[PDB]
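*Asks:* Just need the structure, nothing else, for what follows:
(chains A and B)
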Number of protein chains: 2
Amino acid sequence: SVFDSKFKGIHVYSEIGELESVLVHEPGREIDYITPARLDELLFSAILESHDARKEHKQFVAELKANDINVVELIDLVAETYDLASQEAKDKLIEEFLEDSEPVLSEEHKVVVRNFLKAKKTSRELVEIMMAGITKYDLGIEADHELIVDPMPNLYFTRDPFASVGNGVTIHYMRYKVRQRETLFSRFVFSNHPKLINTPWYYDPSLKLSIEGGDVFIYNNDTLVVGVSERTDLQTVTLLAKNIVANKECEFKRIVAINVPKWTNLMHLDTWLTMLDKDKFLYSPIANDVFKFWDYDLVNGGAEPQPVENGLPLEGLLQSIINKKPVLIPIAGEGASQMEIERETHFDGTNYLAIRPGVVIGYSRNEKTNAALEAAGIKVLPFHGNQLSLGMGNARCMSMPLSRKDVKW
Amino acid sequence: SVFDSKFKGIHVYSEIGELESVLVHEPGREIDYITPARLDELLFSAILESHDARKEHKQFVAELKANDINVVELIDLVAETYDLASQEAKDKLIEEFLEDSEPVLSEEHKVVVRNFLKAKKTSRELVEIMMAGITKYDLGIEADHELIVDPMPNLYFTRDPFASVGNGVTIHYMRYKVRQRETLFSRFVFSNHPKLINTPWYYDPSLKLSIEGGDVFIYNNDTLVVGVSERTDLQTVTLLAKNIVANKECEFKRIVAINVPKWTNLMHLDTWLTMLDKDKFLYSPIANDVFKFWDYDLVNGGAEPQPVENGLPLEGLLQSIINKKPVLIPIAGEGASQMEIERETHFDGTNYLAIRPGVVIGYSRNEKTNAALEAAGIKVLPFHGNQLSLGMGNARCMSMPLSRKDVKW
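*Replies:* Numbering: from 1, shown residues only, chains lettered A, B, ... in the order given. Shown next is the protein structure:
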């Protein structure tokens, strides 16, 4: 199985506990269909050199494995799930893929694509093609456009379609169609894989209020932190709060919503502020005058907790969550020029994945932030990720923890 | 000297003769000042990872040197020239640099920068900082903005500021100020270096009609080919024709002007059509319905030859220059999808540098084009240049031939 023997379900109650199991996706053929005219639509800053991007991704996975982490590749998880699923589920996956296609499928193309999918020889090939997009060339048909079904090029950013939340999961209604389509795989594995089937959901795509995993943080057993960003709205955090209170087994007690600049290229809270050790946070100064906070009381706030403004400065707000003096590390370090802060913030300099408290993985390119982290006593495991970085995410964006060991607070 | 023993002046009478000496520039500190908000202004598609871009450039230079080519780095050529120049010339280089600064310098900043440049201890440091740009930090002053003098980030594209044309040169009035500033160095080396001082100029920056080197091609001893592009105007080619007829030592007989798509990111003729062997040419089909041609008669067209429409299709037009049937190789090869042609054309897939007939150097990333060239009998010497490619130029754009061996047609 893609899961090691100790994996006994979703268990993510911090951003920093020793990482046990994690979900990633090496970009497949879907990034080969990114064209110059569609960069804004497809959510890329520039076109990736595909072979090199895959080589970088393998280095990232190799570093995670060198740290005894169980790395689950999305394609393999979906295929494994497909293989053991009922025929009813196998069939509905293909039907829902067709109904949710972009561009919308004509009746004739729906039949042609269905047959093509059904004829794929292995479940892995079926999953690869559904992620890749489908051309008229793949189908052997004449058409006036080359892409009969668009790629889901952002799939390598597994942070975003769903988020592990304690021992439950939130499966999201994403902002843009190009990414909403990725949640088909999320619903499928959680609804059918024996090791995930019993996981309770606190959000699902049908709710239609925008939220993405890059905005979701599990600071400790009591407090969740969710961004109010270009991708997640405050009203959506309000619905999340309602769902959590409605779930009697869910033990979180508070949600702090954090406002960030609504930049299309720094679209989630994790591109502005992350927690990397028990008391260390990495942030971009560019957000200094935009940060704003709201608290939700999941215990004594009623069945529908409302967001209450918290006027403390960022440091005091963070202190109210961990009850220790926080250490705030700025992008590019003390003394950096505005140009250096803008450049390293642009390349997702805050977006490190913590694999144990104070030990993080992220791109080698943000050298001043790497040095700032090391000076603050955080160990940095860099990897070359220049091509992957053009998709506007770093290691945190490219991962979704499935299980972490308890933190000794 | 940066020039090897045999160099005896500009000698470029073809696009393909065995390359003997060539001018390049490894991107210096100037590319560290490219910020997200200024990408369009500075002419970049995305920000480069500077360290990796310099390593890629060293690999390009290593490939050139392995083919017995004298590679001249612009910084070293300017410093060598400065060390041999009259005090009047050394002083005027500084004054013209200040006069042409962007942003325009206040009188106070003009004095502070002049003093700072005069205090540099070596000519190479002086040249490096003029290219890099100058910050308030470099000067140790307080200022409203961090850049007191902007970088010239595009300097590594040495194809553009001036072009070798037979045994003369065209020093250009470029389209945008961010690049016009680079011509300061072109004028300096040709006006002062003993090995370049007798080179006749057929164009100079004071002429104020736009033309850039990526548009200039020397097909053979008789025919020049100049693009009408986003950067070079037909009226400028007309002025160039007038200048060549006035120069009684210049032996070219004809200029063919080739209209190309006016795309901001494919801005020169050499991003649409190049000549790589005696009868082989590489082109992007995206330009098919845009190519249009004009001829200038430099022999019997009077003192001011005018552009005369040439209605031949591309194949016939090229045949009228080389006097035999051309082989036209399309970007990405026969059978490529439109997505592939769009992607490889975008990454300057036509922009190869020929180092001898039918032997070219270009980025490894355009794999389908590299395969099409090899299938057409052209040897490709690829190098990894993904970061350099984000500047929207390939190997031809990163080089300016100074001398080539005669071609045996």
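
*Asks:* Excluding chain neighbours, what is closest to residue A:97?
*Replies:* residue A:130 (5.5 Å; CB to CB, 6 or more residues apart in numbering or on different chains). To be clear about C-beta, it is placed using only N, CA and C from the backbone, and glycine gets the same treatment.

*Asks:* Hmm, I typed the wrong one, I wanted residue A:311.
*Replies:* In this structure, residue A:311 finds its nearest non-sequential neighbour in residue A:293, 7.8 Å apart by CB to CB, 6+ apart.

*Asks:* ok, residues contacting the helix or strand encompassing the one you found?
*Replies:* Here residue A:293 sits within strand A:292-297, counting by DSSP states H and E. Residues from elsewhere that reach strand A:292-297 (CB atoms under 8 Å, 6 or more residues apart in numbering or on different chains): A:228, A:234, A:237-238, A:241, A:253-259, A:305-312, A:317.

*Asks:* and with 6 Å instead?
*Replies:* A:241, A:255-259, A:305, A:307-310, A:317 (CB atoms under 6 Å, 6 or more residues apart in numbering or on different chains).

*Asks:* Domains in chain A, by residue range?
*Replies:* Using curated CATH domains, the domain parsing of chain A gives A:9-73+A:152-405, A:74-151.

*Asks:* any bit of stretch A:355-364 sitting next to chain B?
*Replies:* No - for stretch A:355-364, no contact with chain B is found by CB under 6 Å from any CB of the partner chain; the gap never falls below 8.6 Å.

*Asks:* Relative to residue B:22, how far out is residue A:179?
*Replies:* The spacing between residue A:179 and residue B:22, counted by CB to CB, to the nearest Å, is 46 Å.

*Asks:* I should have written residue A:134 there, sorry.
*Replies:* In terms of CB to CB, residue A:134 sits 46 Å off from residue B:22.

*Asks:* got it, and residue A:378?
*Replies:* Distance from residue A:378 to residue B:22, by CB to CB: 46 Å.

*Asks:* Please enumerate residues in contact with the strand or helix carrying residue A:77?
*Replies:* For residue A:77, the host element (DSSP H and E) is helix A:74-84. Residues from elsewhere that reach helix A:74-84 (CB under 6 Å, 6+ apart): A:2, A:25, A:123-124, A:127, A:185, A:189, A:192-193.

*Asks:* what distance separates it from the centre of its chain?
*Replies:* 19 Å (CA atoms, centre = their mean, to the nearest Å).

*Asks:* Restricting to C-alpha, output that helix in CSV.
*Replies:* In CSV, the C-alpha atoms belonging to helix A:74-84 read as follows (Å, rounded to 0.1, in the frame of the first residue of the first chain):
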residue,chain,number,x,y,z
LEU,A,74,-1.4,11.3,-5.2
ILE,A,75,-1.5,9.3,-8.5
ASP,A,76,-0.7,6.1,-6.6
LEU,A,77,-3.2,6.8,-3.8
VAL,A,78,-6.0,7.3,-6.3
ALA,A,79,-5.1,4.3,-8.4
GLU,A,80,-4.8,2.0,-5.3
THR,A,81,-8.2,3.3,-4.1
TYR,A,82,-9.7,2.8,-7.6
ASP,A,83,-8.4,-0.8,-7.6
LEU,A,84,-10.2,-1.7,-4.4
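
*Asks:* May I see the buried residues of that helix?
*Replies:* Residues of helix A:74-84 classed as buried by neighbour count (16 or more other CB atoms under 10 Å in any protein chain shown): A:74-75, A:77-82.

*Asks:* coming back round to it: so among the contacts of helix A:74-84, which ones count as buried?
*Replies:* Here, 16+ other CB under 10 Å leaves A:2, A:25, A:123-124, A:127, A:185, A:189, A:192-193 buried among those.

*Asks:* Sitting in helices, which of these do you find?
*Replies:* Counting by DSSP state H, the buried ones among the contacts of helix A:74-84 place A:123-124, A:127, A:185, A:189, A:192 in helices.

*Asks:* What is the neighbour count of the residue of the stretch 51-200 of chain A found nearest chain B?
*Replies:* In the stretch 51-200 of chain A, no residue comes nearer to chain B than residue A:146, which is 5.8 Å away by CB to the nearest CB. Applying other CB atoms under 10 Å in any protein chain shown, we find 17 residues neighbouring residue A:146.

*Asks:* Not counting sequence-adjacent ones, nearest residue to it?
*Replies:* residue A:135 (5.3 Å).

*Asks:* send the alpha carbons of stretch A:240-248 over as CSV?
*Replies:* Output in CSV follows, covering the C-alpha atoms of stretch A:240-248 (Å, rounded to 0.1, in the frame of the first residue of the first chain):
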residue,chain,number,x,y,z
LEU,A,240,-16.2,26.3,8.9
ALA,A,241,-16.7,27.4,12.5
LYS,A,242,-20.3,26.3,12.4
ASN,A,243,-19.5,22.9,11.0
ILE,A,244,-16.8,22.3,13.6
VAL,A,245,-19.2,23.2,16.5
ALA,A,246,-21.8,20.9,14.8
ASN,A,247,-19.2,18.1,15.0
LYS,A,248,-19.2,16.7,18.6
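
*Asks:* sorry, back to before: and the strand holding residue A:293, how far out from the chain middle?
*Replies:* The answer for strand A:292-297 is 22 Å, by CA atoms, centre = their mean.

*Asks:* Over to stretch A:141-160?
*Replies:* The answer for stretch A:141-160 is 19 Å, by CA atoms, centre = their mean.

*Asks:* And for stretch A:370-379?
*Replies:* 24 Å.

*Asks:* right, is that stretch up against chain B?
*Replies:* No - on the criterion CB under 6 Å from any CB, stretch A:370-379 is out of touch with chain B, staying 12.4 Å away.

*Asks:* How about stretch A:385-392?
*Replies:* Yes - for stretch A:385-392 and chain B, the contact criterion (CB under 6 Å from any CB) is met by residue A:386.

*Asks:* pretty sure residue A:108 belongs to a helix, no?
*Replies:* Yes - assessed by DSSP: H, G, I helix; E, B strand; the rest coil, residue A:108 belongs to a helix.

*Asks:* Nearest residue to the middle of chain A?
*Replies:* residue A:159 (1.2 Å; CA atoms, centre = their mean).

*Asks:* my read: that residue touches residue A:215, true?
*Replies:* No - counting by CB atoms under 6 Å, residue A:159 does not reach residue A:215; the two are 9.6 Å apart.

*Asks:* sorry, back to before: take the domains of chain A and write them to JSON lines, including distance to residue B:197.
*Replies:* Formatted as JSON lines, those follow (distance: least, CB to CB, whole Å):
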{"stretch": "domain A:9-73+A:152-405", "distance to residue B:197": "39"}
{"stretch": "domain A:74-151", "distance to residue B:197": "55"}
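
*Asks:* Out of those, which one sits most buried?
*Replies:* Most buried of those, by mean neighbour count (mean count of other CB atoms under 10 Å in any protein chain shown): domain A:9-73+A:152-405, with a mean of 20.

*Asks:* If you drop the residues flanking it in sequence, what lies closest to the residue of the stretch 151-300 of chain A found nearest chain B?
*Replies:* Residue nearest to chain B within the stretch 151-300 of chain A: residue A:265 (7.6 Å; CB to the nearest CB). Nearest non-adjacent residue to residue A:265, counting by CB to CB, 6+ apart: residue A:392, 5.5 Å away.
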